[PDB]
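S.K.: There's a structure below that I have some questions on.
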Amino acid sequence: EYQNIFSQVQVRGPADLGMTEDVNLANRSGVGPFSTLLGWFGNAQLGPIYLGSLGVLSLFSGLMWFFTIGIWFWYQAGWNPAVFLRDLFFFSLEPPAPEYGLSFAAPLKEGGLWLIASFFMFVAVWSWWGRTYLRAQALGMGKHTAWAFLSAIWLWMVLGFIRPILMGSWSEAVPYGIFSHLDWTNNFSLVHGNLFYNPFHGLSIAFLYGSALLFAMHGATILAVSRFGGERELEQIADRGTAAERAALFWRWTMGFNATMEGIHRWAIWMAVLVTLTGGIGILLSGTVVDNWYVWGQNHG
Amino acid sequence: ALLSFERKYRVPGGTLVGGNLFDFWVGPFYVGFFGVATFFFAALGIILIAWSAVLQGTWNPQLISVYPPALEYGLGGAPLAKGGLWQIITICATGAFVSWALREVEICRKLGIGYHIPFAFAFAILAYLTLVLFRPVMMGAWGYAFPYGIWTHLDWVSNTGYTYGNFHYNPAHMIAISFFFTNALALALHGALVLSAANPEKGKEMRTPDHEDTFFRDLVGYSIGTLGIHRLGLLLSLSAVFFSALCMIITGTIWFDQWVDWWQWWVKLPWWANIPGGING
Amino acid sequence: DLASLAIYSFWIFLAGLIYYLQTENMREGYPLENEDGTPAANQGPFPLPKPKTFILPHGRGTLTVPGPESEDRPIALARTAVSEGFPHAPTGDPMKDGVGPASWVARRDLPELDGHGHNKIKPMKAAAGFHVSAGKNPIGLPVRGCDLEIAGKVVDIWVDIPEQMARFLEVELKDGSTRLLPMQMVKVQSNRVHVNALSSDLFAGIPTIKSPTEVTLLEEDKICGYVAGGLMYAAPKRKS
Ligand code: BCL
Ligand code: BCL
Ligand code: BCL
Ligand SMILES: CC[C@H]1c2cc3[nH]c4c(c3C)C(=O)[C@H](C(=O)OC)c4c3nc(cc4[nH]c(cc(n2)[C@@H]1C)c(C(C)=O)c4C)[C@@H](C)[C@@H]3CCC(=O)OC/C=C(\C)CCC[C@H](C)CCC[C@H](C)CCCC(C)C
Ligand SMILES: COC(C)(C)C/C=C/C(C)=C/C=C/C(C)=C/C=C/C(C)=C/C=C\C=C(C)\C=C\C=C(/C)CC/C=C(\C)CCC=C(C)C
Ligand SMILES: CCCCCCCCCCCC[N+](C)(C)[O-]
Ligand SMILES: CCCCCCCCCCCC[N+](C)(C)[O-]
Ligand SMILES: CCCCCCCCCCCC[N+](C)(C)[O-]
Ligand SMILES: CCCCCCCCCCCC[N+](C)(C)[O-]
Ligand SMILES: CCCCCCCCCCCC[N+](C)(C)[O-]
Ligand SMILES: [Cl-]
Ligand SMILES: [Fe+3]
């Protein structure tokens, strides 16, 4: 009994340069190498990639964010490479102290460098968002990827920008460090009277859970009907096959209702986007509207 | 009633136990022997939770809580009122979950499809059995198990976590979280991609899988492909739950101190342990 | 207070989203029918959505769903009981009749096209220059059935050009005709291809394709249906 988790045989042909539509081919790179390792699990072809104005801006801006944090880590490590690797997880680029409020006047060593790194990150993510929209437009596809990415950006924006502004200081924002961003998360809950009493945190968990539930169900289902070409989802949408019928009936007979080949992808996009949508609201309301979720929960108001 | 295409699939056979005895449907629901076992275990479990509500003196669903035996009882049986009901409910829950999986196997056999779905569900059962059976037994008391109550089970999560300091520092917990976050990223992208191809700009033809591969190559220089993304989703979500089970089986057994202190293995490696500067010197 | 207004608003949104999602998932297979094919009295609480139209590429027309549903094929089954909810027994050979796990759907008798309007799936012999890049090359291997008898030998791989993957093995039988086997239902071993689904005597019955260098969506369903059906219907001839 073959399970179809790994391919038994790889076949290779000419590098695929992709569909043209309204894409400016001048901005496409050449193909990269074929990976036999990747080819056991999915596609072997690396590249081409598309890199126009927004791509270069996003990539340079992203590297400047990453390097800015790195330079601070080196400074904290006293330029010793042994201390750098020893204390990597413990280094932290902290935002400005509460004193400085929402001013850009803080010195480099006490939150100025946090603001510079944050500026670079802000540009990197937003230009990357523009790129997800425009790459879809060039191919005549719907903007589903750009709208789904906006749900992730919402929670990020709330954590680093919108909530700090509404609280009146950058000190409320997340520090750039491995262990420090974990300590911040733990602290945020203690200070707001335990996020388990935040009903939006409860919903966010339900969707995070539900995303693993749904991708386990959907992935297992498509592998179970791959013996009838089930993973060819677009043609199964245009012209329902026995794959789509058996997939539906498995679930109808198990739990009393079922999806369509198109409809399961609507369940999928919404289960995932509701994670960061509900999450962002839960965080936005914490400290701005609700000081203590235990206390709020005792009144339900 | 039947889906328009359903009748041709409703043939006899595929049962694991009892031949044609339970080989029927009730509305959309397939029964089989494990349909009967599921109903029996679920009905018995619900009655025992009701009987627990009586002894506790509340019918409010947000207050009902069935607690395991106190630590003093160890791995022994306990009186119904103080942990026995929890023990019997836990056997009923295990029976209902395993029966549900084996019913999925019978449905797989009748439809001539692979067994990936019940195999995937078995990982969720493992996680449940880690918390209520494997960890308690290795620690020597049922009382380390979680209570069956909407809010009291969250109280248990909070108390169990903070027993070891900030539970963020459990390294298996870090890996589990990474798989949960990555799974949600991948599910959003997969749903978005297929819908963006099936529902293009107004008035344009349906896009092809070639457009889907092209979109991702343009965006990130790599497309895993249509088979690949379903393999990936299955692996991310099962990996999340595997590492979840692992992060709890090692907690209170091989490691029972603060998780933050575990990371001193790295800091105290001889070659950089004593060098001045940084955070840890 | 604002948090209370937000959570209440969220639950109303969530109820509307579930309504929208459920009605979108009724675009195929509804309305519900009785066992005799007549519309069922109880259709449930959700109404059928307003139709949507897909414009298919390469001038293949449109699909409007929901729309008139029919099997567009004879179903060789009979009731085993005088009340609803029991199995329907095959009246002939369920492998040949295409019922139960051997079922196929009357898909279009056209091949799936790639984004350029070319046949998606071709024999590797007609696909320049596709080749086996990794793993055991199955071409030339004998093909064994679940009765552990040799049914034929592999003479080619049929490849998805755009997705660069093996989809079918082309097997030559004792009479020099060929059949397609789905790649997902064979085990490639060092010295043979093993097929658990079918005994050697059931290979001749695999539905044939009408053109030697292409396979239609209809043909793929008949082939894949027939092979999966062997898990149940070839079980008497399966050794261990
Ligand atoms: C997994 C690690 C922890 C845990 C930590 C947390 C944290 C943290 C939270 C929850 C929350 C929930 N937990 Mg919990 N929870 C645990 C184990 C369980 C088990 C179990 C193993 O049997 C169950 C049934 C639940 C069930 C629940 C729900 C009441 C709630 C939302 C779950 C969800 O949407 O998931 C995804 C599944 C779906 C979307 C499918 C739908 C499943 C439905 C909704 C489950 C209903 C269960 C029902 C009330 C049980 C009684 C029914 C019987 C027949 C009588 N938890 C263990 C001990 N749980 C959240 C909450 O809001 O609590 C108040 C929350 O914030
Ligand atoms: C002690 C700690 C507290 C706690 C404090 C918090 C705080 C604080 C928060 C959460 C949040 C969440 N908590 Mg909690 N939480 C607790 C206990 C739990 C438990 C449990 C007990 O089992 C669970 C399951 C959860 C689960 C969750 C999630 C549902 C939610 C995060 C969703 C998400 O996807 O963010 C991950 C996704 C993002 C952060 C989006 C990021 C998007 C950006 C755009 C990506 C940029 C990439 C960048 C450019 C880098 C490039 C990388 C390279 C290219 C490789 N918490 C306890 C009570 N929790 C978050 C939330 O929403 O709460 C309402 C949050 O802010
Ligand atoms: C203060 C609390 C601590 C903390 C303490 C703990 C403790 C303690 C635990 C976790 C566990 C987890 N933590 Mg933690 N955790 C914290 C902060 C976080 C944060 C965060 C953003 O800060 C995140 C994202 C997480 C994430 C996680 C996950 C990796 C994991 C829970 C998923 C799981 O096990 O599913 C597994 C899924 C199940 C067990 C569900 C099984 C479902 C069964 C099989 C079927 C039920 C059917 C139902 C009854 C039927 C209903 C009826 C029908 C609807 C009709 N934690 C903080 C620091 N965390 C848990 C874990 O790993 O458990 C193994 C765990 O015990
Ligand atoms: C392994 C990856 C993820 C996953 C996968 C997964 N889950 C699955 C499946 C798969 C593949 C199914 O096939 C199966 C299904 O049918 O889904 C619709 C299922 C399923 N996962 C479910 C729930 C579920 N899964 C969860 C998690 C996950 N499932 C993982 C994240 C969670 C979480 C995160 O908490 C929940 C709540 C169900 C909807 C369903 C299984 C239904 C089932 O087993 O039915 C039989 C049992 C009953 C009818 C109820 C019996 C009642 C008991 C006797 C008494 C109650 C005991 C219980 C301990 C009470 C505790 C309550 C308190 C904690 C509040
Ligand atoms: C080895 O040496 C090299 C050279 C390679 C350098 C090494 C680099 C290293 C080791 C870097 C490591 C980086 C790490 C570990 C980073 C981790 C980051 C984490 C965990 C971040 C977590 C959360 C971040 C959030 C929520 C940030 C949100 C930011 C925003 C929303 C932007 C807000 C913008 C602000 C405040 C300014 C805007 C200003 C104007 C004028 C608009
Ligand atoms: C997740 C991406 C990387 C996956 C790489 C895993 C390699 C698996 C190798 C499989 C071995 C080949 N075999 C025997 C299955 O044919
Ligand atoms: C997710 C990581 C994958 C990255 C793959 C990108 C491949 C880049 C191709 C480089 C080829 C450049 N050039 C100009 C020589 O053709
Ligand atoms: C795509 C929609 C799926 C619906 C799933 C809903 C799960 C309900 C979770 C209940 C949690 C409520 N709580 C306690 C946080 O207020
Ligand atoms: C709060 C989440 C729990 C939801 C449980 C509901 C399960 C849906 C069952 C649908 C069956 C309806 N029926 C029998 C008319 O087909
Ligand atoms: C966790 C939320 C998911 C459950 C949503 C409930 C949907 C029930 C749909 C029942 C459809 C039954 N029927 C007769 C139309 O086939
Ligand atoms: Cl694993
Ligand atoms: Fe899919």
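Every chain in the structure tokens takes a letter, A first, then B, and so on in the order presented; its residues are numbered from 1, and the ligands are numbered from 1 following the presented order.
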Would you mind listing the residues within 6 Å of ligand 8, counting only C-alpha atoms and all ligand atoms, as a VMD selection string?
M.R.: chain A and resid 199 202 to 203 206 271
S.K.: List all protein, DNA and RNA residues that have an atom no more than 10 Å from any atom of ligand 10, counting only C-alpha atoms and all ligand atoms, and report them as a PyMOL selection string.
M.R.: (chain A and resi 206-207+210+252+255-259+267+271) or (chain B and resi 1-3+27-28) or (chain C and resi 14-15+18-19+21-23+25-26+29-32+42-48)
S.K.: Pick from B:268, B:252, B:233, B:127: nearest to residue 188 of chain B, with only C-alpha atoms counted?
M.R.: B:233
S.K.: Just the residues within 6 Å of residue 259 of chain B, please, counting only C-alpha atoms, with nothing from its chain fewer than 2 positions along; format it as number ranges by chain.
M.R.: B: 164, 169-170, 261-262
S.K.: Keeping C-alpha atoms for every residue in the selection just given, could you write it to a file as a JSON list (two decimals), in the first residue's frame?
M.R.:
[["chain", "number", "residue", "atom", "x", "y", "z"],
["B", 164, "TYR", "CA", 7.93, 25.35, 35.52],
["B", 169, "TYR", "CA", 11.17, 28.17, 27.54],
["B", 170, "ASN", "CA", 10.23, 24.47, 26.95],
["B", 261, "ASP", "CA", 17.20, 27.11, 33.62],
["B", 262, "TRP", "CA", 17.43, 24.27, 30.99]]
S.K.: Kindly give the distance, in Å, that separates atom 21 (C, counted along the ligand's line) of ligand 2 and atom CA of residue 5 of chain C, rounded to a single decimal.
M.R.: 25.7 Å
S.K.: Just asking: which residues within segment 5-151 of chain C are alpha helix (DSSP H) according to DSSP, as JSON, numbers by chain?
M.R.: {"C": [5, 6, 7, 8, 9, 10, 11, 12, 13, 14, 15, 16, 17, 18, 19, 20, 21, 22, 23, 24, 94, 95, 96, 97]}
S.K.: May I have the selected residues written with C-alpha atoms, as a PDB file, in the first residue's frame?
M.R.:
ATOM      1  CA  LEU C   5     -20.179  45.707  21.590  1.00  0.00           C
ATOM      2  CA  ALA C   6     -17.178  44.153  19.685  1.00  0.00           C
ATOM      3  CA  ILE C   7     -17.734  40.513  20.886  1.00  0.00           C
ATOM      4  CA  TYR C   8     -21.560  40.672  20.193  1.00  0.00           C
ATOM      5  CA  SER C   9     -20.838  42.142  16.680  1.00  0.00           C
ATOM      6  CA  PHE C  10     -18.245  39.373  16.072  1.00  0.00           C
ATOM      7  CA  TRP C  11     -20.806  36.559  16.813  1.00  0.00           C
ATOM      8  CA  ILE C  12     -23.354  38.154  14.388  1.00  0.00           C
ATOM      9  CA  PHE C  13     -20.594  38.355  11.699  1.00  0.00           C
ATOM     10  CA  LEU C  14     -19.580  34.708  12.408  1.00  0.00           C
ATOM     11  CA  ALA C  15     -23.247  33.535  12.007  1.00  0.00           C
ATOM     12  CA  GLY C  16     -23.485  35.343   8.592  1.00  0.00           C
ATOM     13  CA  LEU C  17     -20.102  33.869   7.485  1.00  0.00           C
ATOM     14  CA  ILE C  18     -21.239  30.279   8.390  1.00  0.00           C
ATOM     15  CA  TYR C  19     -24.492  30.863   6.410  1.00  0.00           C
ATOM     16  CA  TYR C  20     -22.455  32.151   3.392  1.00  0.00           C
ATOM     17  CA  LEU C  21     -19.910  29.234   3.631  1.00  0.00           C
ATOM     18  CA  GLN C  22     -22.617  26.523   3.967  1.00  0.00           C
ATOM     19  CA  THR C  23     -24.650  27.849   0.953  1.00  0.00           C
ATOM     20  CA  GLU C  24     -21.415  28.075  -1.153  1.00  0.00           C
ATOM     21  CA  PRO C  94     -19.594  -3.974 -10.141  1.00  0.00           C
ATOM     22  CA  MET C  95     -16.079  -3.580 -11.730  1.00  0.00           C
ATOM     23  CA  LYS C  96     -17.545  -3.567 -15.304  1.00  0.00           C
ATOM     24  CA  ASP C  97     -20.728  -1.671 -14.324  1.00  0.00           C
TER      25      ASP C  97
END
S.K.: Do a neighbour search on residue 180 of chain B at 8 Å with only C-alpha atoms, toss out local chain neighbours closer than 3 positions, and write the hits as a PyMOL selection string.
M.R.: (chain A and resi 208-209+212) or (chain B and resi 176-177+183-184+236-237+240)
S.K.: Could you dump the residues just selected with N, CA, C and O atoms as a PDB file, in the first residue's frame?
M.R.:
ATOM      1  N   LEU A 208      -6.865  28.866  15.534  1.00  0.00           N
ATOM      2  CA  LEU A 208      -5.481  28.362  15.346  1.00  0.00           C
ATOM      3  C   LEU A 208      -5.500  26.839  15.274  1.00  0.00           C
ATOM      4  O   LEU A 208      -4.924  26.255  14.364  1.00  0.00           O
ATOM      5  N   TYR A 209      -6.079  26.152  16.237  1.00  0.00           N
ATOM      6  CA  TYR A 209      -6.595  24.822  16.436  1.00  0.00           C
ATOM      7  C   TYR A 209      -7.365  24.296  15.224  1.00  0.00           C
ATOM      8  O   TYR A 209      -6.960  23.314  14.598  1.00  0.00           O
ATOM      9  N   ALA A 212      -5.322  23.772  12.124  1.00  0.00           N
ATOM     10  CA  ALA A 212      -4.577  22.491  12.146  1.00  0.00           C
ATOM     11  C   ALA A 212      -5.575  21.366  11.907  1.00  0.00           C
ATOM     12  O   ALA A 212      -5.268  20.448  11.149  1.00  0.00           O
TER      13      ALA A 212
ATOM     14  N   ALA B 176       6.654  23.137  18.535  1.00  0.00           N
ATOM     15  CA  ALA B 176       5.204  22.900  18.381  1.00  0.00           C
ATOM     16  C   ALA B 176       4.528  24.201  17.934  1.00  0.00           C
ATOM     17  O   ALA B 176       3.719  24.163  17.002  1.00  0.00           O
ATOM     18  N   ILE B 177       4.856  25.316  18.575  1.00  0.00           N
ATOM     19  CA  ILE B 177       4.254  26.638  18.253  1.00  0.00           C
ATOM     20  C   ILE B 177       4.623  26.995  16.811  1.00  0.00           C
ATOM     21  O   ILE B 177       3.736  27.454  16.077  1.00  0.00           O
ATOM     22  N   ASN B 183       1.556  26.219   9.912  1.00  0.00           N
ATOM     23  CA  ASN B 183       0.359  25.519   9.397  1.00  0.00           C
ATOM     24  C   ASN B 183      -0.708  26.547   9.007  1.00  0.00           C
ATOM     25  O   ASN B 183      -1.303  26.383   7.953  1.00  0.00           O
ATOM     26  N   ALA B 184      -0.945  27.554   9.844  1.00  0.00           N
ATOM     27  CA  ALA B 184      -1.979  28.588   9.618  1.00  0.00           C
ATOM     28  C   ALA B 184      -1.554  29.465   8.439  1.00  0.00           C
ATOM     29  O   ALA B 184      -2.408  29.784   7.620  1.00  0.00           O
ATOM     30  N   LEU B 236       2.705  19.612   8.510  1.00  0.00           N
ATOM     31  CA  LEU B 236       2.779  20.753   9.444  1.00  0.00           C
ATOM     32  C   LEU B 236       1.821  20.486  10.609  1.00  0.00           C
ATOM     33  O   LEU B 236       2.253  20.596  11.766  1.00  0.00           O
ATOM     34  N   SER B 237       0.583  20.087  10.324  1.00  0.00           N
ATOM     35  CA  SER B 237      -0.478  19.964  11.345  1.00  0.00           C
ATOM     36  C   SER B 237      -0.205  18.742  12.236  1.00  0.00           C
ATOM     37  O   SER B 237      -0.335  18.872  13.479  1.00  0.00           O
ATOM     38  N   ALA B 240       2.901  19.619  14.477  1.00  0.00           N
ATOM     39  CA  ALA B 240       2.439  20.519  15.558  1.00  0.00           C
ATOM     40  C   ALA B 240       1.972  19.685  16.764  1.00  0.00           C
ATOM     41  O   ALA B 240       2.351  19.970  17.920  1.00  0.00           O
TER      42      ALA B 240
END
S.K.: Kindly provide, as a count of residues only, all nucleotide and amino acid residues lying within 7 Å of ligand 5, counting only C-alpha atoms and all ligand atoms.
M.R.: 25
